[PDB]
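Structure first, commentary second.
These numbers come from the heavy atoms of this one structure, side chains and all, not from hydrogens, waters or symmetry mates. Below, chains carry the letters A, B, ... as their sequence lines are ordered, and counting in each starts from 1.
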Amino acid sequence: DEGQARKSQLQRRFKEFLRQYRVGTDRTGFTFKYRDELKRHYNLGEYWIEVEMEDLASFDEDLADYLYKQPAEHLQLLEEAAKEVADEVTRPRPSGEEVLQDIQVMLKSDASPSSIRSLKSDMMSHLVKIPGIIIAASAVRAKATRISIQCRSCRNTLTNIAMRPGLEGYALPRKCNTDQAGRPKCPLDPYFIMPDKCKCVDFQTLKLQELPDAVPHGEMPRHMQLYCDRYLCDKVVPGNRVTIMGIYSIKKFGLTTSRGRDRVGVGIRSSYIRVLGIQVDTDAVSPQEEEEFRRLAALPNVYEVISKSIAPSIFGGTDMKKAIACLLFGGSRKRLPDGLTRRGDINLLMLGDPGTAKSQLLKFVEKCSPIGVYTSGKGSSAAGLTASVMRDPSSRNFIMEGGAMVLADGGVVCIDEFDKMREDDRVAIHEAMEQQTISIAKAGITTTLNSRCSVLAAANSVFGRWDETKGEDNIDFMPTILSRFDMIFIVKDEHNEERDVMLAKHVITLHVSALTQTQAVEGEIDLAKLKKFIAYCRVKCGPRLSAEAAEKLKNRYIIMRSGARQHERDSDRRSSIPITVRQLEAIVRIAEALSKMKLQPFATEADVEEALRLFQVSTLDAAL
Amino acid sequence: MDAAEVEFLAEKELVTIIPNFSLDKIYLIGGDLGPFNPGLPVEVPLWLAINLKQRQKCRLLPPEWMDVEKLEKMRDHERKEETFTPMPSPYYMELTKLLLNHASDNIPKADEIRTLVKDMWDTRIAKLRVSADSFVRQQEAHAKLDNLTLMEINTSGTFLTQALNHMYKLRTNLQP
Amino acid sequence: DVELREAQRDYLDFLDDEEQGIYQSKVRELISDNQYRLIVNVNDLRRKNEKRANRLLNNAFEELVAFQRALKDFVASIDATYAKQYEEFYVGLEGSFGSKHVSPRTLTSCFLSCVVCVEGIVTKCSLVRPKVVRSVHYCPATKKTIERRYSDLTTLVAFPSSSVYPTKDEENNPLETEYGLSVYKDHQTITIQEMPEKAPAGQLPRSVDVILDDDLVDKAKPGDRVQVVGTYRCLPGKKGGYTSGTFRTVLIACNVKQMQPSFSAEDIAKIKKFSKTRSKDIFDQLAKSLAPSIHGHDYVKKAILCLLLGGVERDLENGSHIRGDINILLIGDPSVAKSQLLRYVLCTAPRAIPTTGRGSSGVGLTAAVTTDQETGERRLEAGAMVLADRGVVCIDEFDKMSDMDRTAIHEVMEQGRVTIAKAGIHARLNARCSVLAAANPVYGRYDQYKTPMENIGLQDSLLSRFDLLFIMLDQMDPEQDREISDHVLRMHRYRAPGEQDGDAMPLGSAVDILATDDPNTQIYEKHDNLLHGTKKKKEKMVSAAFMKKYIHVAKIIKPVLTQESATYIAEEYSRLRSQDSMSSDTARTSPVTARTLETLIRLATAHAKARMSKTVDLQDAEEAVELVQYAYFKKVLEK
DNA sequence: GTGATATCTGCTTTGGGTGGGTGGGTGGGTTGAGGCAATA
Ligand SMILES: Nc1ncnc2c1ncn2[C@@H]1O[C@H](COP(=O)(O)OP(=O)(O)OP(=O)(O)O)[C@@H](O)[C@H]1O
Ligand SMILES: Nc1ncnc2c1ncn2[C@@H]1O[C@H](COP(=O)(O)OP(=O)(O)OP(=O)(O)O)[C@@H](O)[C@H]1O
Ligand SMILES: [K+]
Ligand SMILES: [Mg+2]
Ligand SMILES: [Mg+2]
Ligand SMILES: [Zn+2]
C-alpha cells in the first residue's frame, strides 16, 4: 500500500511534467513541447518520444535525481505516465485505433560523457553516458514482454505475466494452483509457455569499442556489450560513432548452477548496458539544412569553394584537391536494359616522391567521406580486403565476414602504401574495382556481395624518388590494375627557390597556429557540413551527359587514342599507362561528378571541358 | 483565411479593463466606448485592451469564464461527450493566447488556465479528425458540426475541402 | 468458440460456390489428382468476404485450423472414402497480401501470428525426417488397440505433448506398436536468405528459418530463388524451470513457389513462324541480339550462342560417354568487355554460377564435407560446379586461379563428373556444365610480336579441353574507336522511361513484388534512338523475352548428323590438322586434336538447333568450320 | 520409546549451441581457409 502510494505519486509527478512543460517566452509565444511531440508521433504511428534530462530537472529536480540514481523503476513510471498522456492528447480516435499503444521513452542529456574505462562497480545500476564506436551488430531477435503459461495436466492457465526488461529471464511456478482433491496431483514443473499468447518486441545486441584517442598507451582497445530494443533496434551499424545513455546492469540468468557451473572465479557476473538513447556523432536532413545545401549548390564558384575546403592545411596540390573532390561526389551508376551495369565510382592513384602529403590527403578523405575506411597495403591480405570464410564459435559452421571493401561499400576505401602490397593480394581487388561485387566459392558457400566503393591509393615509385632517366622502369604495376584507375597522378617534388620559401612559411605558420583558438574561414566549408553536403548530393542527383557534351567528348577521345598509339610506336615500348574504353568512361564519370556538385540533371560542355583538363594533367601527363 | 485573420476577428470581442487615465466618451464607427475614469472598470474591444496594456495605460480583468473550477468542469464535459460541446467563447483559444501572453501579471492561475484550454483544444481537434475520417470513409455528402469554433475549422479546413472536392469528382466520373 | 464456429461456417460457404464454381472444381481436381492440399487465392476470399480475409491474414493459426476443418467437411461431402483416406487436408495461400510481402530483413516481431509472403534465396537445406502424428498400439493379452495423438510447438495448435510411446496398459499387460497402422509425416528445415542486391550498403544479408511439412518437402534446394507463404511464430522454451524470454522464430510454410517457362499456343506459333521465316539469318540475328550494350565482337557472340544451345551428349551401349557441353575461353587485353559478356550470360542463362579465380577453391568448386545439423553426421554440400549441373559456370580471372585449384577443373571440363574420396565418403557427383572463362595474358597486354602460346601461358591439355579459344585484342583504329565511342556514349546517355531526369540509383531497395503472380510476347524489340542509334534500322533486334523462350524451345531438339555433313566435317578436319605453316606468319593458338573434330560436330549440332532443324545439314557444318578457322589461328607480326 | 530401515520427494541429468564467448580450452566436439615462420 505505502509502496503503491509512493509509486502513484511519482507517476503523477511525471504525468504533470509531461502535461505542463512549455518552451518559449511571453514576448514570443509558448509551446507544450512534449505533449505536442507525443500527440504528433502517436498520430504518425511512431510510439516513442525523447525526453531531455535538463528539462525534467528544470520542472522537478528530484525527479531527475531519482531517474539518474534508480533508472529502472522511475523509467517504468515515466513510460506509464507517457501512455496516460498519449491517451488524453489523442483520446477520441478513429476506427481500427481503439487499443492504446505502449510508448517508449528515450533519454537525452547535455552532460559531458564518461569513458568505458571509467565504468566502475560503484556505478552499477546507474544511468551512464558513454561514447564509442559500433564494431558489431547482431541480428534482430524477439524478446517477450508478456507471457501466458498453461498447466500440462489440468490446462489451468495464468495469463498476462509481465516480463522484466533487458537480459533477464523468468522463473516459472514450481507447483500448480489446481484443487488437490479428486484429480491425480499435477507434476512438478507443470507449466509451459503458450506460443500464440506471447507479446514480443524486437531486440538487438551491439559491441561498443572505446574511442581511439581514449585508449591508454600500449593497450588494445576495450569494448562493451549493448542491449537495444523496440525503436532503438537497427538504428546504428558497424562503423558509427555514437554516444549512448543507458543503465549499467548485470545479466540475470537462472539461479540454478545447471550443467554443474564451474567458473574460474566465484561470485563473478557479466555486465552490459541497457540502452535508453542513442546519438550518432558526425565524426535525415532538416529542411533548414536542405535549404542551405541548395544555396551552396547554386553558388557560381561552388567548385572552387569545395576544392579549397579539401585538406586546407596542405600548402598546394590544387589539381589533386580538385580530383579528390570529384571522387568524393562520384558519378552516376547505371543499369542498362540487358542487365549490364556501368559503375559510377571514381578511382584515383597518387604515385610520387616522399614527403609530398600523400598520406595526409588520404587521412583527410577518411574523415571527410560519409563512409570512409583507411587501410595499409602492407597490413592487408586478399581475404582481409574483400571478405573471409571462418568458423562460427556458437554454430560450429562456416560463415562470412566482410573485409575493408565490404565495410566501405557506398563510400571510399583509402589504401596507403599501395606499392608494398603483395601481388597475390593486389590481384584480389580487380573484380571489386570494376564489377563492384565480390564472388566467393569456398567451404560450401557460394554467394556474391556488394562492394560499390571508390579506391583512393597512394604509392612510391620503384626507386624511391622518380628518376626521369629510368623512364618506364619507375612504374611496377601491371596494365590490368592501372587501367582500373580513372586518374593517375605522378607527384614529383620539384625544387624551386620561390615555392620552397612559400611552403616553409606556410608550414611554420601552421605549427604556430596550433595554439590559436579555432576560427572560421570565409571561403571554405567546415568538414562537418561538407560531409553532410556530399551525402545529400549523392542521394538526390544522378546526372547524365547532354547530347552536345557527348559529341565533344567523342572527338577528343579519338584524338587521345591516336596520340597514345603514335607515342608508343615512336618510343618502341608499349607504355605503362594504357588508354582504353575505361578511360573514356572515366571522363564521363568526372563530368557527372562536377554536375552533381551543382545539383544539375545534365552535364554540360563546360563540365566535359574541366573533366578533360583534369584527365590531361593526371593520366595523359603520366602516359606521355 | 489564415490564422492572423481569425485572430483579427477574435480581437473584436469585448473585455473589461481598469484604466489609469481620464478620457471622454469616444464615438467610434463600431460603437461608443464609455467614459474612462481611473480605477473604474469599462468594457472595450480586445484590440484596444491589448494596445492600452502594451502602452501601460490599463490593467486587464479576466473574463468570467476564465475560472479554474469552471474550466475544469468544461474540460471534463468535453472529454465525456461524443460531439462538440458549446464553448464559453467563439474565440476561446485566441482570447486565451492574447490575454495570457500579454497580461499574465493580471490573471491569477494563468498556467492552470492555459493547460486546461490546451486540454480542451486537443480533445476537440481529435474529434474533428474523427469527423473527417468518418466523412471520407463512409462517403458522406454532408455533415453537421455544431459548437465548432472558427479557429478549429480553419486549422485543417482547406485540406478537408480539397480532399472532398477530389473525392466528389471521382464519385461522378461515369455520368456523361 | 463461437467465433471459431462462425469462421468455419464462413469458410464452408466460401468453398461451396457452384451457385461461379471455382473451388468446387478445384476440390474435385484435388480428389482426382490424389492431393490433400488445396491452394486458395486470398483475392477471391477478400472479394467474397473481406472481414474473414482480414482475420485470416492477421490471426493465422486459428483461422487456418477452421479453414482446414471446413475443407475436410467439404471433401467428405463430395466423397467420404477419400476423406477417410487422409488424416488431414491442408490449405495453401496465394495472391496479394498487401504489407505482408516482406523479405528476411523486414520480417519483424510485428508479423507474429500473421500470414506472410517472403522472397529470398535458399542457402541451407536439411534431410527429410519422419514425424509421428498418430500412434497405434495393440495388446496381445487383452486383444484391444489404443491410439495416441502428438503435437508440438510447430503444429498449428501448439502443445508440448510427450514423445514417449506407451509400453503397457492400465492393466500390467504389455503393448506393441503397429507401425504400419500409425501415421507419420515428412519434415524438413530450410534457411531463406535476403537477395544480396537488395541489401543495404555494407550489410551482409539476413536470413530466416522455414519449416516444410508433408508434400512441401523437397520443393526447394539450395541455390533456388523462392517465394514462401506461411505463418510466423515464436518457439518459446524453458530449461530447469527458467526461461530467458528471448525466443527463436520460424516460418511455417503453407505454400512454396519458384521464381521453366510456360508456353501458350500463340507463343508456340510465333516460335514456329520465326524458325520458318529465314534459313540462314536466324543464327546471325540471334547472335547479334545477345548482349546489346556491347559493341560487336561478332564471332564471340556466335560462340556464346552455341554454348547456350549446346550439343548432344552421346551415351554408348557399352557405357562410354561423349559430352555435348561447349566450353569457351576468352583471353584479352584490358577493357574489351570480357567480364561484361560473362555477366550477361550470368544474367540470362537459366542456371549460371559466377566464380572468380582468386576467390574460389577446389573444395568450393566441387563439394565440401561438414557435420549434419542433427546427429553430427558427415554430409556433403554441393560446390559451384555441382550447383551448375546442366548449367553454366562463368569463371572470371581464370589466369589467377591456383594451379592446384585449376587442376580440379580438368575432370569436370572433360568427363562431367566429380570424384569425392574424403572423410570416409566415396561419391561420384554429376557436374555436367559448360565453362565460360575469361583471362588476361601473362604480360597483361597481349604482345603481338610474341607467339600465341607464349602469350597465353597455359598447358596444352587445359587449352585442349576448351572447345574454342578467342584472343580479343584492343587495336587503336580511329574508325573502330569512333564506332565504339559512339556506342558507349549512347549507352551512358540512356535513361529508362520510368525514371525522371536527375534520378540516382539507390543502394538497396524495398520489396517491390506485391503479388505471387506478376500483375504485368513480341519478336522484335521496339526501336529506341539511343539504344540503337539513328541508323535506318535495317538490322532488327530480337527481344530478350522472345530470345529466352526460343532458346528454351531449341535446347530440347536433338539434331541428327547426316552423311553429307559428316563427309564435309571429316574433310575439313583433315585439312585443318594436315596444314602446317598454312600461313608463314600464322601460328596455332591451340593444338588440333580429335577433340577439335568433336568440337566441330558440337558446333554444327548447336547451329542446327538454332534453326530448329531435325538434321545437321551442310550449312551448319560450314558455320562450325568457319568458327574453328577463325578461333584456331593468329598472325604473328614481325618487327 | 529409540534405532534402524523402508518409503517417498525433489534435483538434474544429456553434452549444445536460445546457455555464454565478459567462463576456460589442463573440462570435451574433421574440415576448411587463413595467417605465420621457416622454407625453397
Ligand atoms: N605541401 C605540404 N603542405 C603542408 N604540409 C606538408 C606538405 N607536404 C608535406 N607536408 C607535411 O610533411 C609530412 C609529410 O609526410 P606524409 O606522410 O604526408 O608524406 P607522403 O608524401 O605520404 O610520403 P611517403 O611517400 O614517404 O609516405 C607531413 O607532416 C605533412 O603534413
Ligand atoms: N566493345 C565494347 N562495347 C561496349 N562497352 C565496352 C566495350 N569494351 C569495353 N566496354 C566497357 O568498358 C569497360 C570494360 O570493362 P570490362 O570489365 O568489361 O573489361 P575486361 O575486358 O573484362 O577487362 P580486364 O581484363 O581488365 O578485367 C566496361 O564498362 C565495359 O562496359
Ligand atoms: K560448457
Ligand atoms: Mg605516406
Ligand atoms: Mg574483367
Ligand atoms: Zn494443475
Side-chain angles (χ1 to χ4, degrees), chain A residues 116 119 136 138-139 141-144 167 169-170 174-175 185 187-189 193 200 203 205 207-208 222-227 248-273 379-401 403 422 424-425 428 440-445, chain C residues 153 209 234-250 359-381 383 402 405 420 422-425:
Chain A
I116 309 192
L119 262 173
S138 80
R141 289 180 290 165
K143 156 79 181 190
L167 297 170
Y170 183 67
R174 307 272 318 138
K175 293 179 179 179
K185 296 300 197 188
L188 277 195
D189 258 16
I193 322 186
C200 300
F203 103 75
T205 285
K207 293 196 298 183
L208 187 85
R222 295 209 177 124
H223 66 274
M224 178 93 88
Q225 189 158 117
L226 309 179
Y227 169 93
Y248 199 29
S249 37
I250 292 189
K251 298 190 184 188
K252 289 164 232 159
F253 288 169
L255 281 173
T256 27
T257 51
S258 182
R259 312 309 298 122
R261 292 310 312 111
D262 57 357
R263 287 182 163 276
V264 74
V266 76
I268 283 105
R269 294 298 180 263
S270 317
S271 66
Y272 75 104
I273 307 173
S380 295
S381 68
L385 278 180
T386 55
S388 310
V389 185
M390 67 203 30
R391 65 196 165 182
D392 184 71
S394 181
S395 315
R396 186 35 176 63
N397 274 131
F398 295 102
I399 57 152
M400 195 91 53
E401 279 175 49
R422 284 121 92 191
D424 287 70
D425 296 337
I440 292 307
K442 279 168 177 163
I445 306 170
Chain C
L153 307 187
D209 311 309
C234 66
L235 309 136
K238 74 181 185 177
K239 189 177 296 294
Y242 208 71
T243 197
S244 68
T246 58
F247 306 150
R248 62 169 70 97
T249 62
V250 302
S360 72
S361 75
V363 169
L365 288 170
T366 63
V369 172
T370 193
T371 50
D372 199 3
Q373 305 171 0
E374 317 188 356
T375 68
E377 194 71 4
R378 318 301 168 192
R379 206 159 58 102
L380 274 188
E381 266 77 30
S402 81
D405 290 291
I420 299 275
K422 47 141 179 185
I425 287 156

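A close approach under 4.0 Å does not occur between any side-chain nitrogen or oxygen of A:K207 and OP1 or OP2 of D:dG21. When the side-chain nitrogen and oxygen atoms of A:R396 are compared with OP1 and OP2 of D:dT31, one or more of them lie within a distance under 4.0 Å. Dashed line: the shortest gap from a side-chain N or O of C:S361 to OP1 or OP2 of D:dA33 is under 4.0 Å. For A:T256, no side-chain nitrogen or oxygen approaches OP1 or OP2 of D:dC11 to under 4.0 Å. Side-chain nitrogen and oxygen atoms of C:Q373 include none within less than 4.0 Å of the OP1 or OP2 phosphate oxygen of D:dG17. Checking the phosphate oxygens (OP1, OP2) of D:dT31, a side-chain nitrogen or oxygen of C:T370 falls inside 4.0 Å. Residue A:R259 places none of its side-chain N or O atoms closer than 4.0 Å to OP1 or OP2 of D:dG15.
A:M390 comes within 4.0 angstrom of nothing in the nucleic acid, heavy atoms only. Base contact: C:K239 has a heavy atom under 4.0 Å from a base atom. At a threshold of 4.0 angstrom between heavy atoms, the contacts of A:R174 are confined to the sugar-phosphate backbone, with no base atom among them. Within 4.0 Å of A:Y272, counting heavy atoms only, lies no atom of the nucleic acid at all. Residue contacts for C:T243: at a heavy-atom cut-off of 4.0 Å it reaches no nucleic acid atom on any strand shown.
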Go through it in stages, so that I can follow the logic: the residues are C:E381 and A:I445, the test is side chain to side chain contact (heavy atoms under 4.5 Å, CB included), and I'd like the CA-CA distance, side-chain angles, deciding distance and then a yes or no.
CA-CA 9 Å; C:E381 266 77 30; A:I445 306 170; over 6 Å; no
Under the side chain to side chain contact (heavy atoms under 4.5 Å, CB included) criterion, do A:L226 and A:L208 qualify, and how do the steps go?
CA-CA 7 Å; A:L226 309 179; A:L208 187 85; 3.9 Å; yes
Apply side chain to side chain contact (heavy atoms under 4.5 Å, CB included) to the pair A:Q225 and A:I273, showing each step before the final yes or no.
CA-CA 6 Å; A:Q225 189 158 117; A:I273 307 173; over 6 Å; no
Side chain to side chain contact (heavy atoms under 4.5 Å, CB included) for C:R378 and C:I425? Distances and angles first, verdict last.
CA-CA 8 Å; C:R378 318 301 168 192; C:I425 287 156; 4.3 Å; yes
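C:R379 is not listed as a side-chain neighbour of C:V369, based on a closest heavy-atom distance of 4.5 Å or more. Between A:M400 and A:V389, some side-chain heavy-atom pair lies under the 4.5 Å cut-off.
For the pair A:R422 CZ and D:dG34 P, the interatomic distance rounds to 13 Å; values are reported in whole Å. To the nearest angstrom, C1' of D:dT31 lies 15 Å from CG of A:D392. Distance A:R269 CZ to D:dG20 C1': 14 Å, rounded to the nearest Å. Taking atom NZ on A:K252 and atom P on D:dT22, their separation rounds to 21 Å, with Å as the unit. Taking atom CD1 on A:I250 and atom P on D:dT22, their separation rounds to 16 Å, with Å as the unit. Nucleotide D:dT31 holds its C1' atom 10 Å from the CZ atom of A:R391, rounded to whole Å. Going from atom CZ of A:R263 over to atom P of D:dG24 covers 8 Å, rounded to whole Å. Summarising the geometry, the separation between CD on C:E381 and P on D:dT31 is reported as 10 Å, rounded to the nearest angstrom.
No hydrogens or angles considered: a donor-acceptor pair under 3.5 Å links the side chains of C:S244 and C:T246.
We find the NZ-OH distance between A:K252 and C:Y242 to be 8.5 Å, quoted to the nearest 0.5 Å.
Mapping A:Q225 and C:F247 onto DNA chain D via the closest heavy atom, the residue that lands nearer the 5' end is C:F247. Between A:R141 and A:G444, the one whose closest nucleotide on DNA chain D sits nearer the 5' end is A:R141.
The separation of D:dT14 from D:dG19, taken at their P atoms, amounts to 16 Å, rounded to a whole angstrom. One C1' atom belongs to D:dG29, the other to D:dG16, and the distance between them is 10 Å to the nearest Å. Annotation: D:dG28 and D:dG24 have their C1' atoms spaced 12 Å apart (nearest Å). As rounded to the nearest Å, D:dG21 and D:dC36 have P atoms that lie 26 Å from one another. Across D:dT18 and D:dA6, the matching P atoms stand 47 Å from one another, rounded to whole Å.
Checking D:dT30, D:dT22, D:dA33 against the side-chain heavy atoms of A:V389 singles out D:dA33 as nearest. Closest to the side chain of A:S388, from the set D:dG34, D:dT18, D:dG24, is D:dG34. When distances are taken from the side chain of C:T371 to each of D:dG23, D:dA33, D:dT31, the shortest belongs to D:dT31. Taking the side chain of C:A423 as heavy atoms from C-beta on, and the options D:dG35, D:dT30, D:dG20, the nearest nucleotide is D:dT30. Between D:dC11, D:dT18, D:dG32, one nucleotide has an atom nearer to the side chain of C:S244 than all others, and that is D:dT18. Closest approach to the A:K251 side chain among D:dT18, D:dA33, D:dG21 is made by D:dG21 (side chain taken as heavy atoms from C-beta onward). When each of D:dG23, D:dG32, D:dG34 is scored by its nearest atom to the side-chain atoms of A:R261, the top-ranked nucleotide is D:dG23. Considering only side-chain atoms of A:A443, the nucleotide from D:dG32, D:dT22, D:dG34 that sits closest is D:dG32.
Side-chain atoms of A:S271 come within donor-acceptor range of the base of D:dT22, with a qualifying N/O pair under 3.5 Å. Side-chain atoms of A:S258 stay outside donor-acceptor range of the base of D:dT12, with no qualifying N/O pair under 3.5 Å.
Adjacent in the strand, D:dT12 and D:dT13 form a stacked pair, their six-membered rings being closer than 5.5 Å at the centres and less than 30 degrees apart in orientation. Judged by ring centres closer than 5.5 Å and planes tilted by less than 30°, the bases of D:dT26 and D:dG27 are not stacked on each other.
The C1'-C2'-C3'-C4' torsion of D:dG20 is positive. Its sugar is therefore classed as north. Sugar pucker annotation for D:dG34: north, assigned from a positive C1'-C2'-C3'-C4' dihedral.
Here the side chain of A:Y272 pairs a donor or acceptor atom with the backbone of A:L167 at under 3.5 angstrom.
Glycosidic conformation of D:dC36 is syn; the angle stays within 90° of 0.
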